[PDB]
Amino acid sequence: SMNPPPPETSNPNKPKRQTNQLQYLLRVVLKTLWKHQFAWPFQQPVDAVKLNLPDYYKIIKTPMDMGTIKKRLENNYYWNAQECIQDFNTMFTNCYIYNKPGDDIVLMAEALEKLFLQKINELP
Ligand SMILES: Cc1ccc(C(C)C)cc1Oc1nccc(-c2c(-c3ccc(C(F)(F)F)cc3)ncn2[C@@H]2CCN(CCN(C)C)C2)n1
Ligand SMILES: [Cl-]
């Protein structure tokens, strides 16, 4: 199948709040992961056409990527830090679901996830 529309990133009728934790999720966690040498497959929606993955969105019904997470943070889409942390977990999970243990892409995700977990364990 083709790509779905990307996930929602802005909601004008939803209240906005800025939190120490959300600030840290954007300025520390997202920033650190984004700059990781293994991050580039995770910085934008999986392009099912360019990558020849016509079953990706048949298997993955809750797509997520760090580009989307970045926009959600920056637009104050998130009200609870757990929403953001869940999105990161969804992203890593999607990679594991689509692929198989031992696949090269899974090793990249695991490296990023380990760093993510360390930074989330220091959440203010
Ligand atoms: C790094 C890489 C290697 C090879 C290729 C070929 C197309 C040349 C491109 C490519 O670059 C790339 N860019 C973007 C995505 C993925 C990706 C993902 C993916 C899934 C979810 C997420 C999310 F959700 F966490 F963000 C992020 C990434 N899963 C697999 N792939 C590759 C595509 C083809 N596949 C090979 C087939 N396997 C099953 C043997 C490896 N790869
Ligand atoms: Cl970049």
Side-chain angles (χ1 to χ4, degrees):
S1 69
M2 305 285 297
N3 270 63
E8 314 157 6
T9 59
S10 194
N11 241 79
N13 298 116
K14 99 185 287 166
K16 295 178 169 295
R17 71 173 176 183
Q18 301 67 2
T19 287
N20 287 337
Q21 299 185 326
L22 293 166
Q23 189 86 357
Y24 172 92
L25 285 166
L26 178 57
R27 304 197 90 186
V28 179
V29 182
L30 185 285
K31 187 180 178 190
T32 292
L33 276 45
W34 193 277
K35 287 165 62 180
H36 195 282
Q37 301 166 2
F38 302 150
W40 59 267
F42 305 91
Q43 291 174 163
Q44 61 283 302
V46 176
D47 186 333
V49 171
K50 190 182 294 125
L51 300 175
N52 196 27
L53 306 177
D55 64 342
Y56 187 76
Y57 294 103
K58 305 197 292 256
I59 287 171
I60 296 301
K61 301 308 193 180
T62 307
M64 183 58 51
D65 64 282
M66 288 199 299
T68 293
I69 295 167
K70 182 181 181 288
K71 291 300 110 99
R72 285 180 171 191
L73 280 159
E74 281 165 349
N75 287 151
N76 276 262
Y77 178 88
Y78 294 131
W79 186 261
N80 302 314
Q82 170 178 103
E83 297 164 62
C84 176
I85 291 163
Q86 191 47 75
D87 276 353
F88 275 104
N89 290 324
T90 294
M91 178 187 73
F92 291 123
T93 293
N94 289 337
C95 189
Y96 304 148
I97 290 174
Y98 187 69
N99 300 287
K100 301 306 190 293
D103 286 350
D104 304 351
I105 188 68
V106 169
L107 304 175
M108 303 177 78
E110 286 177 357
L112 293 170
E113 189 185 18
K114 292 180 228 151
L115 178 55
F116 171 70
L117 292 170
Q118 180 60 59
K119 294 304 202 171
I120 294 319
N121 211 41
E122 309 174 11
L123 182 86

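Only heavy atoms go into these numbers, but all of them, side chains included; no hydrogens, no water, no symmetry mates. Residues take their numbers from the sequence shown, with the count starting at 1. Ligands are counted one by one from 1 in listed order, and the atoms in each one are counted from 1 as well.
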Who are the side chain to side chain donor-acceptor pair (under 3.5 Å) partners of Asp103, not counting sequence neighbours? none
Are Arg72 and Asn11 linked by a side-chain donor-acceptor pair shorter than 3.5 Å? no
Does NZ or CZ of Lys14 fall inside the cone over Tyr77's six-membered ring, less than 6.0 Å from its centre and within 45° of the axis? yes
Between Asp55 and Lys58, is the closest basic N to carboxylate O distance under 4.0 Å? no
Distance filter under 4.0 Å, heavy atoms only, around ligand 1 gives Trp40, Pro41, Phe42, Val46, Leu51, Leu53, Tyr56, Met64, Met91, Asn94, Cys95, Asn99, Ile105
Could you list the cluster mates of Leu53? Members are the ILVMFWY residues connected by side-chain heavy atoms closer than 4.5 Å, either directly or through other members. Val46, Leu51, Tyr56, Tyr57, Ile59, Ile60, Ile97, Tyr98
Sequence neighbours left out, what pairs pass side-chain hydrogen bond (donor to acceptor under 3.5 Å, both in side chains) with at least one residue falling in residues 33-45? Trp34-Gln43
